[PDB]
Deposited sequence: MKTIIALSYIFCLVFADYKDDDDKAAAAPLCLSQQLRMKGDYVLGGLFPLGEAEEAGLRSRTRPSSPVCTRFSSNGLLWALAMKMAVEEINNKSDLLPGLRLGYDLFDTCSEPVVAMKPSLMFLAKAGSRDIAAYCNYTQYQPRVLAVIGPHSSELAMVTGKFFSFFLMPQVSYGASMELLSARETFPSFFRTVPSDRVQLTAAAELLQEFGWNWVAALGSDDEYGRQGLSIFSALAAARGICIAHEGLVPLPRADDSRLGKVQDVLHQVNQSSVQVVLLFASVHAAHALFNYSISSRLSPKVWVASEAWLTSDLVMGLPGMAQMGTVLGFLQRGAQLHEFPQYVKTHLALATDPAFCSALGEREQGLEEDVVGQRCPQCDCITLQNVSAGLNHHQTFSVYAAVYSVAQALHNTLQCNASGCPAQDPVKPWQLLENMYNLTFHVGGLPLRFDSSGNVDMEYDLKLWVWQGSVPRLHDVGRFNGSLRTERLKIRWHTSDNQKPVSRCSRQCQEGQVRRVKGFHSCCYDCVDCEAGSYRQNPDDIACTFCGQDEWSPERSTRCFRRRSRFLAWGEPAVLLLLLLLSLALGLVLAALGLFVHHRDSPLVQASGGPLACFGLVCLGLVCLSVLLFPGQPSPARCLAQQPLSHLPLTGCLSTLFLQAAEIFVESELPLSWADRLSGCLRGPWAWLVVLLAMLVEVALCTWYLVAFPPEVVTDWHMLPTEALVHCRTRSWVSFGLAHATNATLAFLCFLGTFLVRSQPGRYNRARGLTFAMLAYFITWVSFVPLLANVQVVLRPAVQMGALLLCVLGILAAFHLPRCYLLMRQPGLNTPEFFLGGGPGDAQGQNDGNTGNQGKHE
């Protein structure tokens, strides 16, 4: 084959070349790579084709021959430094001098087509910059190579990572994803991409939630950190192997789908695209380069391989000792590689710069002294060179410019395909109508942080940097003491705060005020009851000699009426602002006159029971003592035992006026409360026994038709008492705590009204309307 014999070609101006032709210490010997690489040979053949076409043309470099010295440089820089030193050696000599500056050198090559590897391009460019040798490198992408401070003579024909990262940031901003997580490979490519994207996101308002590095083949902690934050957009600016390892681990761990913004490294790599189960990890949106392709490169490669097979030419006529023993099948897979255009355009740019430098027309090129390599730089900056009908230009920083295509993956039968859904030519323009997202419906995966917090909320700093304020609502009873607080602070426990309030509001007192409608109804009922009691009292004190009052007591009846009126009056002391004395004296003051009246009714019941259901021998002595001074002694004894019990339970059982600070929603309480069922139960034990004895001795009796039934009234009065307080107790145990005193007043008023309407009112009816029934033979 002798293919490697074509790596040199004599010419007036000869170009250099650093290609990855081969692949992989104590003594200082250069390592030797014997493994063959198809991409390097394809690129070398592409540059040879570019040079041969440029020689073929007559309007570019007329009458001048362009050569090339394609030197094999492996990925290691040690094996690549020797070709550079050979390049800078004086032509015809194997020794390179060490002069003070570049102007005294006589390099054997006009320019250099730099290495594909960027890590190698760093060293090669830093070495060539001292000699000001114009090197244009295909495939060198990271941004720092554009620094003119340390690379005054480094150009390139591929866009920097800065433009693609700017496109990605514009995409995230335009789609609204301003809360994204940025990841990069552990090599310098990922780190530089991460730094550039940090700068761009900080400038554009985009936030990085987590900035980790996926290690080259750990990922578990990086994915855990990504999943901890609620992030739905992840920028994976990593090489092929790191991205493949991350996606395989995500296959193993079943990570939730996310929108992966892809770098150009793994966007179009069949390794990641062919991963099993990869379709279950959301959309993948990347920016693929928009560059033309050599429509005639495969034909040239095939015809040159066939011509090299012929021994006649090859005899008519190392760097790549392994390049000779190859066949067409060993290089067929890489004919359609997009870096061939980059190499071709780099060679065309070198030739166009040389043509401009010599300042010649299409007819010919004037004779002059040989042009030094450092003279190309004045015409390499600002170089408009047409490559395949498309004009390209070198920026002031040696960066070529070209458009980008936003390509999103689509899945049909586990076949990922790239659809153009946007264009980036310095200003993003996306067609999001035709984008098919991965969610349940075709809706954009939302990933956004609050740039500012709504007024009345607590702000918590989120993100890697101090990025976004996670607005937090604090539940009622708490307020933001100061804007810089990280948590809402409670009030003084005696004051209420509404939901989402800047400051707290005081708690006022809400007791049973005299203006509430329930108290007004109770007051009207009290007025009616007191009026009825007064009317009955007047009727009983005027007709005092009539048989009615005399048979039904006498002065005792007026005393009981006065007692009921006093109970009605003492009802008035329940509501209002609960002064300690008032709340303390509520019960006994309402319980004493009731005790007296019930004792009078019990005396009448005892008299009736004695006359009814005991033998006359006992009756003649019991009836003559149950009425009069002994009756007065009995009622005074009942009143005095009531007083004794009342003072005993007032000194022992404490009636307290507490303020339940945490019962009502917005207001406080002033609650007058006593022992649970103990206080009023003990106070009413006496009245319960009195009413029970009266009812028991009265409710069965013989009522002769020629007489007056003096027991029905007492029976109905005790029935009203028992029924009204049996109904009262559940009302006390059920009604809201505010209306508890109102329920107590209502119970007392109903008890008094029932006793009156059962005992006194029927008597007054016949005392005032039909006075024909007040005969002593009918009553005594």
Relative to the deposited sequence, which regions have no modelled C-alpha positions in the structure?
1-29, 54-60, 254-261, 362-374, 838-859
